[PDB]
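Q: Have a look at the structure that comes next, please.
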Amino acid sequence: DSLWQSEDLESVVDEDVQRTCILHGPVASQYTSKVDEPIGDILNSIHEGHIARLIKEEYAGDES
C-alpha cells in the first residue's frame, strides 16, 4: 500500500513529496507539462487535433 500517499500528502511525514511513490510512464512524461488542467480540455485538445488534421488530409480542409 504505497500508492495512496501520492495523493494523500498531508498524512505523509513533513508533507514531503520525495517520500511518496508516484507511478508515471517514462515516455508519457514528455507530454505532461501543465498542472491542474481539465481532463475534458486535455481529451478535447487531443481529439480536436486529430479532427483538424483529418479534415486537412482526408477531406482537403472541406468540412462540408
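Per UniProt numbering, the sequence shown starts with residue 1020, numbered consecutively. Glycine included, every Cβ here is placed at the ideal spot set by N, Cα and C.
1) With respect to the alpha helix (DSSP H) encompassing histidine 1066, which residues constitute its N-terminal and C-terminal limits?
2) Is any non-hydrogen atom of the ligand SAM found closer than 7 angstroms to the C-beta of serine 1025, if you look at the structure I gave you?
3) Compare the beta carbon distance of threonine 1039 and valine 1032 with 8 angstroms and say whether it is the shorter of the two.
4) For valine 1036, which option in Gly1044, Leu1022, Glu1076, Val1046 has the closest C-alpha, if you only look at C-alpha atoms?
5) According to DSSP, is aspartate 1027 helix, strand or coil?
A: Concretely, from the data shown:
1) Taken as a continuous stretch (DSSP letters only), the alpha helix (DSSP H) holding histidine 1066 covers 1058–1076.
2) Of the ligands one can find in the structure shown there are none, so the ligand SAM has no counterpart to examine.
3) Taking 8 angstroms as the Cβ cut-off, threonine 1039 and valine 1032 do not qualify as a contacting pair.
4) Measuring from the Cα of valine 1036, the nearest candidate turns out to be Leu1022.
5) It is coil, neither helix nor strand.
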